[PDB]
Amino acid sequence: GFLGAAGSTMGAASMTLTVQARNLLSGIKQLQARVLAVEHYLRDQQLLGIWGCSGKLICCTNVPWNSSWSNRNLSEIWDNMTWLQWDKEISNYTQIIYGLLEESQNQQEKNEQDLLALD
Amino acid sequence: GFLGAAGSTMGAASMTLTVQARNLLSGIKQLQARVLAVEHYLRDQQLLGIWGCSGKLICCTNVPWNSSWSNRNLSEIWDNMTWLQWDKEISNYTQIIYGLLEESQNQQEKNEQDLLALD
Amino acid sequence: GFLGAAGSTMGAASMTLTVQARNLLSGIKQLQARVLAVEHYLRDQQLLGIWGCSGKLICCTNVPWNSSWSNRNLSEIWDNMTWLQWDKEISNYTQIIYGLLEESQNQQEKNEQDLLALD
Amino acid sequence: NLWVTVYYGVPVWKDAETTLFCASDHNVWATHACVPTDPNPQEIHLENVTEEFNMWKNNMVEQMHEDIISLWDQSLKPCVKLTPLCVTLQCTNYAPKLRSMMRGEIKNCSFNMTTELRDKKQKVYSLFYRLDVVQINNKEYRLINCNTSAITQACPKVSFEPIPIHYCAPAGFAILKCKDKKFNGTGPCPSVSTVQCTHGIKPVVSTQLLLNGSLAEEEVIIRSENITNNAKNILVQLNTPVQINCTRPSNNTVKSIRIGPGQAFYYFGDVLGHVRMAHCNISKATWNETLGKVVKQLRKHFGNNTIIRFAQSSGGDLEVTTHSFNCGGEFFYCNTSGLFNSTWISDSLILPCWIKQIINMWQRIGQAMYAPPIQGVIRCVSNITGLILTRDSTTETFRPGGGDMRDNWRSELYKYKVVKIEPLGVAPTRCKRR
Amino acid sequence: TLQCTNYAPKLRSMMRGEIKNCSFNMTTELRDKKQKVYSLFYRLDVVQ
Amino acid sequence: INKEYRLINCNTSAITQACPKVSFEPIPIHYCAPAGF
Ligand SMILES: *[C@@H]1O[C@H](CO)[C@@H](O[C@@H]2O[C@H](CO)[C@@H](O[C@@H]3O[C@H](CO)[C@@H](O)[C@H](O[C@H]4O[C@H](CO)[C@@H](O)[C@H](O)[C@@H]4O)[C@@H]3O)[C@H](O)[C@H]2NC(C)=O)[C@H](O)[C@H]1NC(C)=O
Ligand SMILES: *[C@@H]1O[C@H](CO)[C@@H](O[C@@H]2O[C@H](CO)[C@@H](O)[C@H](O)[C@H]2NC(C)=O)[C@H](O)[C@H]1NC(C)=O
Ligand SMILES: *[C@@H]1O[C@H](CO)[C@@H](O[C@@H]2O[C@H](CO)[C@@H](O)[C@H](O)[C@H]2NC(C)=O)[C@H](O)[C@H]1NC(C)=O
Ligand SMILES: *[C@@H]1O[C@H](CO)[C@@H](O)[C@H](O)[C@H]1NC(C)=O
Ligand SMILES: *[C@@H]1O[C@H](CO)[C@@H](O)[C@H](O)[C@H]1NC(C)=O
Ligand SMILES: *[C@@H]1O[C@H](CO)[C@@H](O)[C@H](O)[C@H]1NC(C)=O
Ligand SMILES: *[C@@H]1O[C@H](CO)[C@@H](O)[C@H](O)[C@H]1NC(C)=O
Ligand SMILES: *[C@@H]1O[C@H](CO)[C@@H](O)[C@H](O)[C@H]1NC(C)=O
Ligand SMILES: *[C@@H]1O[C@H](CO)[C@@H](O)[C@H](O)[C@H]1NC(C)=O
Ligand SMILES: *[C@@H]1O[C@H](CO)[C@@H](O)[C@H](O)[C@H]1NC(C)=O
Ligand SMILES: *[C@@H]1O[C@H](CO)[C@@H](O)[C@H](O)[C@H]1NC(C)=O
Ligand SMILES: *[C@@H]1O[C@H](CO)[C@@H](O)[C@H](O)[C@H]1NC(C)=O
Ligand SMILES: *[C@@H]1O[C@H](CO)[C@@H](O)[C@H](O)[C@H]1NC(C)=O
Ligand SMILES: *[C@@H]1O[C@H](CO)[C@@H](O)[C@H](O)[C@H]1NC(C)=O
Ligand SMILES: *[C@@H]1O[C@H](CO)[C@@H](O)[C@H](O)[C@H]1NC(C)=O
Ligand SMILES: *[C@@H]1O[C@H](CO)[C@@H](O)[C@H](O)[C@H]1NC(C)=O
Ligand SMILES: *[C@@H]1O[C@H](CO)[C@@H](O)[C@H](O)[C@H]1NC(C)=O
Ligand SMILES: *[C@@H]1O[C@H](CO)[C@@H](O)[C@H](O)[C@H]1NC(C)=O
Ligand SMILES: *[C@@H]1O[C@H](CO)[C@@H](O)[C@H](O)[C@H]1NC(C)=O
Ligand SMILES: *[C@@H]1O[C@H](CO)[C@@H](O)[C@H](O)[C@H]1NC(C)=O
Ligand SMILES: *[C@@H]1O[C@H](CO)[C@@H](O)[C@H](O)[C@H]1NC(C)=O
Ligand SMILES: *[C@@H]1O[C@H](CO)[C@@H](O)[C@H](O)[C@H]1NC(C)=O
Ligand SMILES: *[C@@H]1O[C@H](CO)[C@@H](O)[C@H](O)[C@H]1NC(C)=O
Ligand SMILES: *[C@@H]1O[C@H](CO)[C@@H](O)[C@H](O)[C@H]1NC(C)=O
Ligand SMILES: *[C@@H]1O[C@H](CO)[C@@H](O)[C@H](O)[C@H]1NC(C)=O
Ligand SMILES: *[C@@H]1O[C@H](CO)[C@@H](O)[C@H](O)[C@H]1NC(C)=O
Ligand SMILES: *[C@@H]1O[C@H](CO)[C@@H](O)[C@H](O)[C@H]1NC(C)=O
């Protein structure tokens, strides 16, 4: 169900992303609400685009983990914490992570162009 | 031309998908109509996304054909049927196929993540 | 900055595509303006999709340059000309390139489907 | 050994009911929220495609009347409201010695009328038709609108000439055109073509006879929801036009006055020539041929041994019992008694016409409009391209019927259907993903 | 301008003055004719 | 009117009284582009 995994651990919750994603699209003020929802959806799709993640729900990238953002171990993060707790844990670093992802994808695309140029 | 292949066989009609794709996008009720057209377009694009087909008109998956949905051979389906007749013959199965496609993409994404995890 | 590289050479300006991509998504007439902006964005994304570029910002294709569109050498184009001048220079050829890109992608997708069909 | 392949852009569609756009290349029908039409409209014939059409369930008729009524009201609202005209009238006969059919039709009525200054009143005299002014008890009369509704004065600068209006599909939807001669408005159509937008449809308002409509080239087409159900109307599309010349021969004077700050009332003045009754000239030979074609089609539907009779409307209001039409802002009502007077067992007809200055369009009660007068003598020429018939056991008697504009609009929209595109689909192929 | 009297001059049901019987000139369908009309009002709606 | 006088607007239109609670002092207005422009 929608948000059914919200209280589950991050690992278990990672298996329910499809239902939550599919329910994101589902006088003047309601039309404004529909337009705003579309704009937010497209903002998320464009953010995935500039990172090279537009084609999938789970997209691995080439940006390493800083460890200053959070020093919890992998097992702790995925098996003990919930996604709300994780969001709080790194709420101060989102604008840095997104910028690094943007730079990484830009370098990846330029590298692909240079590799394709080889005869 | 737009829908020119509607009466053509499925095989020949598969070569005209570009025209319909471009023709899906081309006073309060006029704005409402445009918003609804956008919502339907985005629902279809998200549905292709969850299937891993966001960038293609034709994409293959790993989901097998049940054969109970339709026991016609490929020659009969592609040469002796129109898309309208095919759509009618599987009208009771479409949502089952959609569910299987979503599960297949979820398994592919998790398997891809695990393969990428190997050094 | 938005359009900060607009006066830069095409080569230098190619490194700021993500600034434009991010910024382009930043009483009834105002809602109409927002909906039209969304429709233009979606038409551009659909146009990239039909070409098979998915979410890539720099998309390399299989369509050769004819040289009748512009006979400048690569170095002159990228180092001694801006995007405004270049876009004006080839304004009469844009729809031909777009048609060639759509045909090339349709052939590529059919070839990929046939390759996948091989056991 | 088969796998699912997903196709996007598949030429499949479903029946749909959605909002259509206005397209059109002062007039009451002019629409600001309307786009110029395509200079080169596209039509794509669908080869080997047969599809069921149903005019009776077509959802574009509802949009047609909703758009026409809303546009009408929006155009009429920003005009002078005649609140001080619902007053007691003291009337006499305009021309007491006439022996023509206009005897008693026009009355000369006096009333005290408010002026721009609240302190001052001005007696006014004007002429009205006998159908707008009704006796209370010279004689005293009142305007009929005072019985049910207030009057808005239509702006004299606004023209009522029908402008063809195109209805265009929204993106993601398409309009299919049957384009099949002798199609009876229902069932399979093998000649279906896809159009992005329809041709222009004029908002022509009439009853009993269908004016300025499409002609059925192959033969007269008889359309009904149920051809043996006498509660439904029969819509007849002719294969030949019938030219009709209607006129208001009197040379009428027009006067205007100011009734309040920025408000003015326009009214009928004296007559500048001999008083003559409005009438319509219909060729008898052309009508005779039209009757022959209608009768043979009715025999085909009801049996070749049936006697057919045409008769005048048995009852209802003037909008139902008589033919009505608009010419240049003037609203004419004509008896038609000489058109539906015949029994079939197997050179020029003049119809009297009456003028009503105050009308109630589209069967709406509680709203009314006062048309402005028009100067001089008005003549108009139009084509009759269809008929409305209603059926009453040896002899089947038919009458004009009518009275519902949605049938008049359906008689034009019967050829078009709205569908939604379903660009996604699946099919088995011998193809696996990596 | 409203002219009122007591609808029920004698009663001890605590309504002795709650309902007034009022008359007024009013207007009519035609602006030239006025019609005097009588109706009842509650004391909470009508004030002297 | 032709002492007896009338308001200058009487022969043009009805005149609306502006609400006295609404100030008429100009406020600088900034025009902003919609997204995409
Ligand atoms: C079916 O179609 C026919 C073909 O158009 C249509 O007949 C046309 O009707 C219009 C509207 O009455 C005619 O246009 C008028 O013609 C008169 C001729 O005397 C002109 O004077 C009119 O202009 C005056 O009025 C205008 C305001 O209405 C003013 O703005 C203008 O300055 C003039 O004062 C106006 O042009 C048209 O001429 C005829 N067609 C022909 C060939 O005569 C018919 O009415 C349609 N059927 C129905 C039921 O409407
Ligand atoms: C309507 O009736 C009035 C009253 O009779 C007409 O006005 C009078 O007309 C006569 C000649 O017919 C004059 O001698 C009077 O002086 C007029 N009096 C007024 C007060 O106008 C009026 O003309 C009639 N309306 C029409 C259109 O003829
Ligand atoms: C309809 O037909 C009648 C006669 O059939 C026409 O009446 C004639 O009109 C002219 C016009 O100047 C007169 O000179 C004749 O004296 C009239 N004769 C008769 C017998 O009425 C009438 O004008 C026609 N109307 C239209 C609109 O065509
Ligand atoms: C809540 O915690 C309990 C503890 O074992 C667990 O069993 C349960 O599944 C958790 N809820 C969800 C939604 O995962
Ligand atoms: C971790 O973040 C700090 C922030 O100041 C930065 O200085 C450091 O280089 C980062 N380390 C890595 C490995 O990214
Ligand atoms: C990971 O963090 C949890 C948090 O309590 C701790 O219990 C666990 O021992 C840690 N594991 C490692 C390998 O640091
Ligand atoms: C974010 O920063 C604020 C101070 O700017 C600090 O109080 C808060 O604890 C920080 N939160 C995280 C999750 O780092
Ligand atoms: C229509 O049917 C005829 C039958 O001979 C066939 O030749 C033609 O190719 C068909 N066209 C389409 C579009 O199905
Ligand atoms: C085919 O469909 C039937 C329907 O019940 C199902 O029982 C069967 O297992 C399906 N087979 C495959 C291979 O999907
Ligand atoms: C396909 O099936 C039909 C009957 O369902 C049969 O007539 C036809 O020969 C078959 N074709 C192939 C290639 O198997
Ligand atoms: C789908 O189910 C309905 C249920 O009555 C049935 O009438 C129809 O034929 C079925 N269609 C298919 C393709 O199974
Ligand atoms: C503009 O031209 C000057 C001329 O040398 C050059 O130095 C400068 O880098 C140029 N800047 C851009 C943005 O093109
Ligand atoms: C290149 O341009 C010439 C100019 O006429 C044209 O004939 C030729 O077909 C073009 N080639 C391609 C591949 O577009
Ligand atoms: C590009 O063309 C110009 C035209 O004169 C020439 O001067 C320049 O040297 C050329 N550059 C290259 C790299 O061919
Ligand atoms: C494009 O067409 C215009 C006229 O429409 C012409 O003036 C211009 O030179 C053309 N440019 C090219 C590059 O063909
Ligand atoms: C206008 O008002 C006067 C007032 O005395 C009255 O005598 C006269 O009859 C009124 N006019 C009409 C037409 O009723
Ligand atoms: C007013 O409307 C009623 C409604 O039927 C009608 O009977 C009556 O005759 C109308 N008044 C006049 C004067 O005709
Ligand atoms: C319309 O024509 C079709 C032709 O087969 C017929 O089946 C249908 O009953 C007709 N309907 C009416 C209302 O005439
Ligand atoms: C059509 O009208 C006839 C007339 O009696 C009736 O018997 C029949 O049931 C009607 N059918 C429909 C579908 O309305
Ligand atoms: C209508 O008027 C025209 C004007 O010339 C005339 O030719 C035509 O015959 C008239 N219509 C009829 C039915 O007489
Ligand atoms: C047409 O006119 C002739 C004149 O003799 C008449 O016999 C015939 O019945 C008429 N036809 C119709 C359909 O009225
Ligand atoms: C039409 O003419 C007939 C002839 O008897 C008459 O009875 C009927 O009342 C007339 N209709 C009108 C509306 O005058
Ligand atoms: C109606 O038809 C009869 C013949 O049945 C005829 O005597 C009568 O005069 C006709 N009336 C009209 C108005 O046409
Ligand atoms: C009708 O009256 C007007 C008023 O000036 C005049 O110009 C016009 O010629 C008259 N027409 C006829 C037919 O008498
Ligand atoms: C009436 O029909 C004739 C038939 O030739 C046509 O030429 C004329 O344009 C039509 N007029 C209207 C207004 O439909
Ligand atoms: C009605 O008006 C008359 C004067 O026209 C006045 O004398 C009378 O008191 C009024 N009625 C009421 C109830 O005020
Ligand atoms: C009365 O209206 C006219 C134009 O309709 C205008 O010229 C005149 O000045 C107005 N009267 C006054 C006092 O302004």
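With ideal geometry, Cβ positions are generated from the backbone for all residues, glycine too; neighbour counts draw on all protein chains shown. Coordinate-derived values only; no laboratory data.
Rounded, prolate or oblate: pick one for segment D:201-261, where a ≥ b ≥ c are the square roots of the eigenvalues of its C-alpha gyration tensor, a/c under 1.5 means rounded, and failing that, prolate if a/b is larger than b/c, else oblate. Cα axes put segment D:201-261 in the prolate bin. Please tell me which of these pairs span more than 21 angstrom C-alpha to C-alpha: D:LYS179/D:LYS417; D:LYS57/D:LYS420; D:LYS81/D:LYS255; D:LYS14/D:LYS232? Beyond 21 Å: D:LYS14/D:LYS232.
With +1 on each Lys and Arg Cβ and -1 on each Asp and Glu Cβ, how big is the dipole of chain B about its Cα centre, in debye rounded to the nearest 20? Before the final figure, lay out the partial values.
Details: 8 positive and 12 negative charges, 129 e Å.
Once rounded to the nearest 20, the dipole reads 620 debye.
Residues D:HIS274, D:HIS166, D:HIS65 in ascending order of nearby Cβ atoms (within 10 Å, fewest first): D:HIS274, D:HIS65, D:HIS166. Placing a label point 7 Å from Cα along the Cα-to-Cβ axis, A:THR82 is separated from the same position in the other copies by 5.5, 5.5 nm, shortest listed first. Each part gets one Cα centre, and for segment A:1-33 versus chain F those centres are 50 Å apart. The phi torsions of segment C:73-85, fed into the Karplus equation with coefficients 6.51, -1.76 and 1.60 and a -60° offset, translate into couplings of 6, 4, 5, 5, 5, 7, 9, 10, 8, 8, 5, 5, 5 Hz, rounded to whole numbers, with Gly and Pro shown as x.
Each other copy holds its own label point for B:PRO64; taking that point as 7 Å from Cα along Cα to Cβ, the gaps run 4.6, 4.6 nm, nearest first. Each residue of segment B:60-72 is assigned a 3J(HN,Hα), and the resulting list reads 9, 10, 9, 6, x, 7, 5, 6, 7, 5, 7, 9, 6 Hz, derived from the Karplus form 6.51 cos²θ - 1.76 cosθ + 1.60 (θ = phi - 60°), x at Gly and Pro.
Of all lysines in the structure, the ones whose alpha carbon falls short of 21 Å from that of D:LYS139, not counting any fewer than 8 places away in one chain, are D:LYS97, D:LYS107, D:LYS123, D:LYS356, E:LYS33, E:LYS34.
Taking amide H as placed 1.01 Å from N in the peptide plane, D:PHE331 has its amide H under 5 Å from the amide H of D:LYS356, each at least 5 places away in sequence or on another chain. Between D:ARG433 and B:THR61, B:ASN62, the built amide H atoms are under 5 Å apart, and every one of these is 5 or more places off in sequence or on another chain.
When both bridge partners sit in chain D, DSSP labels roughly 90% of those beta bridges antiparallel.
So if I take the centroid of the Cα atoms in segment D:348-390 and the same for segment D:56-132, what is the distance between those two points in Å? Value for the Cα centre distance between the two parts: 14 Å. By the rule of a C-alpha distance below 21 Å, with chain neighbours fewer than 8 residues away ignored, the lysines paired with A:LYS110 are C:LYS56. For chain D, the normalised intensity computed at q = 0.08 Å⁻¹ comes to -0.56 (log10 of I(q)/I(0), Debye sum over alpha carbons, equal scatterers, no solvent).
Here D:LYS121 is the anchor, and the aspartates and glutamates within straight C-alpha reach of less than 18 Å, apart from those fewer than 8 places off in the same chain, are E:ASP32, F:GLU4.
Taking chain A, the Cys residues with no second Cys beta-carbon under 4.7 angstrom are A:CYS60.
Which listed residue (B:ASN66, B:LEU48, B:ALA5) has the Cα farthest towards the positive end of the charge dipole for chain B, taking +1 on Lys and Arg C-beta and -1 on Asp and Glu C-beta about the Cα centre? Towards the positive end, the residue furthest out is B:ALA5.
In the neighborhood of D:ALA16, defined by Cβ-to-Cβ distances under 11 Å, what is the net charge if each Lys or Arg adds +1 and each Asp or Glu adds -1? Before the final figure, lay out each step's value.
Working: positive: D:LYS14, D:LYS417, D:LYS420; negative: D:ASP15, D:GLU17, D:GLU422.
Here the charged neighbours net out to 0.
Between rounded, prolate and oblate, where does segment D:323-407 land on the alpha carbon gyration tensor, with a ≥ b ≥ c its root eigenvalues, rounded for a/c under 1.5, else prolate if a/b exceeds b/c?
Values: a/c = 2.83, a/b = 1.56, b/c = 1.81.
Taking the square roots of the gyration eigenvalues as a ≥ b ≥ c, segment D:323-407 is oblate.
Placing unit charges on the Cβ atoms of the charged side chains and taking the dipole of the protein assembly as shown about its Cα centre, the candidate lying farthest along the positive direction among C:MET81, D:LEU215, D:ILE345 is D:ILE345. Among the DSSP beta bridges whose two residues both lie in the protein assembly as shown, what percent are antiparallel, rounded to the nearest 5? Counting only bridges with both partners in the protein assembly as shown, antiparallel ones make up about 95 percent. Sorting the Cα pairs of the protein assembly as shown by distance into bins of 10 Å, from 0 upward, gives 2, 9, 15, 16, 15, 13, 12, 10, 6, 2, 0, 0 percent per bin.
Summary for A:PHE2: label point 7 Å along Cα→Cβ; distances to the equivalent points in the other copies, ascending, 3.2, 3.3 nm.
Among residues of chain C, the one whose beta-carbon sits closest to the C-to-A rotation axis is listed with its distance in Å as C:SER54, 3. With the Cα gyration tensor of segment B:1-64 giving a ≥ b ≥ c as the square roots of its eigenvalues, does the rule (a/c under 1.5 for rounded; else a/b larger than b/c for prolate; else oblate) give rounded, prolate or oblate? Verdict is oblate for segment B:1-64.
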